[PDB]
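Only one chain is included here, represented as C-alpha cells and corresponding to the form deposited in one PDB entry.
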C-alpha cells in the first residue's frame, strides 16, 4: 500500500539531527569510503521522522528490514558502483529501542519481536561460517549436475538437502560443493545477567546470542553489551521425534553496543 523504501531513502537524505547537519548522509559516506557493510540507524530518529516506519521496524522486522536494506544497497551503488564486487548485502542495524527487557524476564510473548537486552558477554566462539545457500551435485551417472539449494529461500539453521534432484527429477546421492557455496560469518556468544540484576542466593541466567557478518568479533568476554535482536528457539536434532518439544531461546543479533 505504502512504499517504505521511498520513506526510508527520504529519511536518510532529509533527516537533519542535532546541529542541522545530515547525519546518515554523512554516515553512509563513511560507509562507502571504508567498505564497511552496516548502517547504524538510531531508532528515536526514525520514530521522530515517521512513526509508521518505526512501528514496522519493531513489529515487522523480519520483513521490511530486507526491504530497507535492498533500498539502501540501491542508494549506495547509485553513489559508487565500485561498492559492488566487494559487498553484496548491507544491513540496517537499529539501535536504542524503547524495548529493554531484563534477561530473566523474557517470556513467550517476546519471541519474534525486536527487543534489547543488557548483559555481560562471558563467552565467544571463534569465527565460523554458516551456509546460507549451498550448491549440491547430484552424484548419479545420468545427471552429475550442480544446483543452488534452498531455491528462492535461505538454508535453515539445520541444513537440508533435496530428496529429489531439481535438475533431473530423480533421487540419489548429493554432494556439497563448498567452492560454490555462499557463506556468512558466524559466531556464538553467551551473555549473562548483570550482577546488579541477579537476585541474591541465585546464579546468573544466560542467553545464547548469534552474531553474524560484520557483527562478528565486535565485542569480547567481559564487555558490557546492549544487544538488540529477535529471539527464537534453537535446534540440534529437530524433525526427529524421540522427545524434546522443549526449546532454548537465543537472540539472532541485529545490533550491539559495547560497555
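Numbering follows the first chain given and starts at 1. Each form is matched to the other, and the largest set of C-alpha atoms that superpose within 1.5 Å is called the rigid core.
Only in words, not in the display: the form deposited in another entry, which the text now covers.
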{"item": "Of the candidates 122, 79, 158, 111, the only Cα that travels 2 Å or more between this form and the one not shown, given a rigid-core fit", "value": "158"}
{"item": "Shift of residue 170 between this form and the one not shown at or above 2 Å (CA, core fit)", "value": "yes"}
{"item": "C-alpha of residue 236 moved at least 2 Å between this form and the one not shown on rigid core", "value": "yes"}
{"item": "Large Cα move at residue 137 between this form and the one not shown, threshold 2 Å, rigid core", "value": "yes"}
{"item": "Pair residue 122/residue 247, Cα separation in the other entry versus the displayed form, closer or farther by 3 angstroms or more", "value": "closer"}
{"item": "Note on residue 157-residue 62 C-alpha separation in the other entry, which departs from the shown form by 3 angstroms or more", "value": "farther"}
